[PDB]
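Let me begin by presenting the structure, written as structure tokens, before commenting on it.
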Amino acid sequence: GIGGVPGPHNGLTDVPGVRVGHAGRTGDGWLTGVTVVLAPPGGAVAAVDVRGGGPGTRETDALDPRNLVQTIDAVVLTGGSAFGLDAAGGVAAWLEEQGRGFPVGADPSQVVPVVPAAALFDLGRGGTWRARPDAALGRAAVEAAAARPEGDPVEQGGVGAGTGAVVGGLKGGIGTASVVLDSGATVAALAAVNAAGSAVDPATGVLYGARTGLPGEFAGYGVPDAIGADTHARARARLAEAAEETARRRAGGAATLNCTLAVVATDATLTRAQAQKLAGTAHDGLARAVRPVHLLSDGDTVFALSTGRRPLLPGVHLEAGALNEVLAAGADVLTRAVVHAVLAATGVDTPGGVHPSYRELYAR
Amino acid sequence: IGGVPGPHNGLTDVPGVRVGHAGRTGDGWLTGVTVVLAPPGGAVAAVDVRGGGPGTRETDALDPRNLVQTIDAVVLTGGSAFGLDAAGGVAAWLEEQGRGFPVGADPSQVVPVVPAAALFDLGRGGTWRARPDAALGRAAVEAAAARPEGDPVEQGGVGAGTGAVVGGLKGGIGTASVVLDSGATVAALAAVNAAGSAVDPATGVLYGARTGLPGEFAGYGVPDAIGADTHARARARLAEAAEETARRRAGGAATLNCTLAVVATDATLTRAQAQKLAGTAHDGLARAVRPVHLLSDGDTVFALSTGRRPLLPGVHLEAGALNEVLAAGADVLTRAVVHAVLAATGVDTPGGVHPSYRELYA
């Protein structure tokens, strides 16, 4: 079997043709950004499963399987909560300039780009409340995506939409993971982790998602397999100290909005309804990495994409068996991407928040 | 009363809730029905179905937009779609009791809304057409009704759990509760019949165990650490049982699998809040079983509120209170799944060989 191992860079771009671009702003009151996932020319089949309704989503109805538009070119993940939906307008503008979208005239230039987006809440985490992504920052992210080659490693940690992300008080960020199936298809995920709940078991200090990891994939980040009780006691204390200082700096505790965002992709061919099932099932991966999840503050959104390059099959239900492998992998790559995000993060300390990273607490 | 189980650590810790099982074992049979019966006056109910069965009934009636917000009974049954016949016996019993949506000036004139979901257990006793019928559904709701409030729930190979198999191991009924800081109780009852595994395949540890509260699993007598050799022997045992099960059935593992559950609380929820609860509860299923929600898993969670305690006695107090219920709902389902796996005893019939977790690891 060739399956059960990560793709070449262990990330979303291991699905051939997919590109990822980040643009962000840090310093001078800012700590936010945008991440765009750009499908190859011709677009990808796409679907979505939103739990908790943002706020801050755009064009999610267009991805119903009943609807006219058959493929899309870009998904936008952004900071700035609802205001940061403004970034998607800059992505749509770029796509129109490229002639990419739903064709609405005999002239190839006349297109309507369907650009789904979801936002996460990071307001004020740089220090300046009104410092949120705008159209120009969204354009910058999709231009960054377009400038990369196929199969380019994805930057993780405090970049793009992950720049101002926080999970359970710890610094969150962007993370990504992939897996090759025995069929040779690749399933992968990219997450911007910003949840209310914890990625860490409060009894032990172990990352919830770690036991879903593939063998050795986290070795490069340098955390011990056994966490000492004393280390964990000190980490809990430091996190409470950061949380109390954050609440003083924000003149109030922890925001009542979080919102954690993901894209799962595969090159196995899926119908739109199969992609919708994948987006739903991939939420399970989030549950295995973070607890609790899907609270009222958690506007969690997962988009699913298929580039349609490989057939699913290269009292016996063979198609169902093949889809089940993709569905199971979709959850797993999301759990794994959340762990990568938490490990890739480095901590921040600004006038809008003090958020140490997991490794600053547990690897040191 | 605050992060500990209710009195019997199960669904009937929600006051007024009753649970009834009726099953048939032997002579080719291994199946049954479980009914969750709300207190007189009914309960606000909602549902979150992932996979569509097959074998669901009256799910549309539970949409928040719809006329009838509250119901008296939820039916979980074996027999796959055929086992939906059991719900007609429950509807008949409810009518006799005068319990349902009123449709006449005469109080006998009711229409009971009886949602149901079925799991696939066909042939697991030996006889293919051995499935629950209206009479077995009636027997289960009558059993529910005869119980006192706060009666401990029977677990393992009982009711809808009778023919349940999870990851090739014996599944069954499991239940768990927790008391919130407000004094409200949240609890779950699961019939676990999943394709996925409750057991981490690297270690033999139950995935849901780490969500357990202190000591609640200790009465089942499994070791704290599982030896690598124990786990090796278990894996091989289970692989041989799966091979033999396949010979006996003339084909491999069932296409159709699922986990069915009811989550309940006495905290007052609107239908939409209860629908959110049914959704969060599915997260608890994910933490206990991997994978879940496959194309062929008909996983269904019903959520009930008895409406006996208000949620509360820049600041979003109601949201905080609901969040406590939502996070609990997932946890009690994770814990209920572990109880199901631990409470089960193994079976060996002409339709399957399915050892229990404790037979392999205890």
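A note on labels: chains of the structure tokens are A, B, ... as shown, every chain counts residues from 1, and ligands are counted from 1 in their shown order.
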
Could you please write out, as a ChimeraX atom specification, every residue of range 73-210 of chain A that DSSP assigns to strand (DSSP E or B)? /A:74-78,102-103,111-112,117-119,157,166-167,170-171,173-180,186-193,198,200,207

Residue neighbourhood range 50-65 of chain A, 10 Å, only C-alpha atoms, exclusion window fewer than 2 positions, as a ChimeraX atom specification: /A:45-48,67-72,75-86,88,114-121,257-261,271-276,279-280,283,293-303 /B:276,279-280

Could you list, as an NGL selection string, every residue of chain B that has an atom within 10 Å of an atom of chain A, counting only C-alpha atoms? :B and (50-51 or 196 or 200 or 202 or 207 or 210-211 or 251-252 or 254-255 or 276-277 or 279-288 or 290-297 or 314-316 or 319-320 or 322-328 or 330-331)

Tell me which protein, DNA and RNA residues are within 8 Å of residue 30 in chain B, counting only C-alpha atoms, leaving out same-chain ones fewer than 3 positions away, and put them as a ChimeraX atom specification. /B:23-26,124-125,130,162-163

Residue with the minimum atom-to-atom distance to residue 278 in chain B, picked from B:257, B:155, B:305, B:203 with only C-alpha atoms counted, is B:305

Please indicate the distance in Å from CA of residue 18 in chain B to CA of residue 150 in chain B, rounded to one decimal place. 7.6 Å

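Using only C-alpha atoms, the residues found no farther than 9 Å from residue 148 in chain B, other than those of its own chain fewer than 3 positions away, are residues 16, 18, 144, 145 and 151 of chain B.
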
Keeping only N, CA and C atoms, write those residues as a tab-separated table (two decimals), in the first residue's frame.
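Saved to again_21.tsv:
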```
chain	number	residue	atom	x	y	z
B	16	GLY	N	-38.19	12.77	35.39
B	16	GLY	CA	-39.40	12.54	34.62
B	16	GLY	C	-39.15	11.71	33.37
B	18	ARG	N	-38.15	8.47	31.34
B	18	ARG	CA	-38.16	7.03	31.57
B	18	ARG	C	-37.60	6.31	30.33
B	144	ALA	N	-41.13	1.09	29.68
B	144	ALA	CA	-40.77	2.44	30.09
B	144	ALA	C	-41.76	3.03	31.09
B	145	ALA	N	-43.06	2.94	30.76
B	145	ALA	CA	-44.11	3.52	31.57
B	145	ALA	C	-44.22	2.91	32.96
B	151	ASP	N	-35.19	5.75	37.77
B	151	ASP	CA	-34.83	4.34	37.77
B	151	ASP	C	-33.53	4.13	36.96
```

Leaving out residue 333 in chain A and any residue of its chain fewer than 2 positions from it, which residues lie within 12 Å of it when counting only C-alpha atoms, given as a ChimeraX atom specification? /A:4-7,10-12,175-181,186-191,209-210,212-214,262-266,278,281-286,288-289,326-331,335-340

Residues as selected, C-alpha atoms, written as a compact mmCIF listing (two decimals), in the first residue's frame, can you do that?
```
# COMPACT_ATOMS: atom_id res chain seq x y z
CA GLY A 4 -1.23 6.26 5.09
CA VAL A 5 1.70 8.62 4.59
CA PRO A 6 1.74 12.37 4.12
CA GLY A 7 2.07 13.94 0.70
CA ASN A 10 2.35 17.42 4.30
CA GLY A 11 -0.07 20.18 3.36
CA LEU A 12 -2.95 21.38 1.23
CA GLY A 175 -1.83 24.62 10.06
CA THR A 176 -1.99 22.05 7.30
CA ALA A 177 -1.66 18.27 6.82
CA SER A 178 -2.16 15.70 4.08
CA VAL A 179 -2.44 11.93 3.54
CA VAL A 180 -2.16 9.74 0.45
CA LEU A 181 -4.84 7.08 0.04
CA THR A 186 -4.45 12.82 -1.73
CA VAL A 187 -6.73 14.33 0.93
CA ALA A 188 -5.49 17.39 2.79
CA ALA A 189 -6.63 20.21 5.06
CA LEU A 190 -5.69 23.78 5.94
CA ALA A 191 -7.05 25.29 9.18
CA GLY A 209 -5.12 15.78 18.28
CA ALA A 210 -1.70 14.21 18.78
CA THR A 212 -4.44 11.08 15.44
CA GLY A 213 -0.98 11.98 14.06
CA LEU A 214 0.85 9.84 11.50
CA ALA A 262 -10.88 25.20 7.34
CA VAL A 263 -10.53 23.99 3.78
CA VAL A 264 -10.33 20.28 3.01
CA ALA A 265 -9.34 19.29 -0.53
CA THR A 266 -8.78 16.21 -2.56
CA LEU A 278 -16.94 15.64 3.17
CA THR A 281 -17.68 14.90 8.12
CA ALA A 282 -14.45 16.89 8.40
CA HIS A 283 -15.90 18.80 11.39
CA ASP A 284 -15.42 15.55 13.32
CA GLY A 285 -11.68 16.18 12.91
CA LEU A 286 -12.03 19.50 14.62
CA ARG A 288 -10.97 15.34 17.96
CA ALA A 289 -8.46 18.17 18.18
CA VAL A 326 -11.97 10.01 1.67
CA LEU A 327 -14.50 10.90 4.37
CA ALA A 328 -12.44 9.27 7.13
CA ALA A 329 -9.26 10.92 5.84
CA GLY A 330 -10.95 14.31 5.67
CA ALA A 331 -11.58 14.27 9.43
CA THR A 335 -7.35 17.01 13.27
CA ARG A 336 -3.70 16.84 12.15
CA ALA A 337 -3.76 20.33 10.63
CA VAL A 338 -5.06 21.74 13.94
CA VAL A 339 -2.12 20.14 15.81
CA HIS A 340 0.32 21.58 13.24
```

If you count only C-alpha atoms, which residues fall within 9 Å of residue 312 in chain A, apart from same-chain ones fewer than 3 positions away, as a tab-separated table (two decimals) with C-alpha atoms, in the first residue's frame?
```
chain	number	residue	atom	x	y	z
A	183	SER	CA	-5.85	4.58	-4.43
A	185	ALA	CA	-5.51	10.18	-4.30
A	268	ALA	CA	-10.41	12.33	-5.99
A	269	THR	CA	-13.46	13.31	-8.10
A	270	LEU	CA	-16.49	14.15	-5.92
A	319	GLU	CA	-18.05	3.48	-4.66
A	322	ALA	CA	-13.96	4.56	-1.79
A	323	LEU	CA	-15.90	7.61	-0.58
```

What is the distance, in Å and to one decimal place, between CA of residue 198 in chain A and CA of residue 235 in chain A?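 Between CA of residue 198 in chain A and CA of residue 235 in chain A the gap is 13.5 Å.
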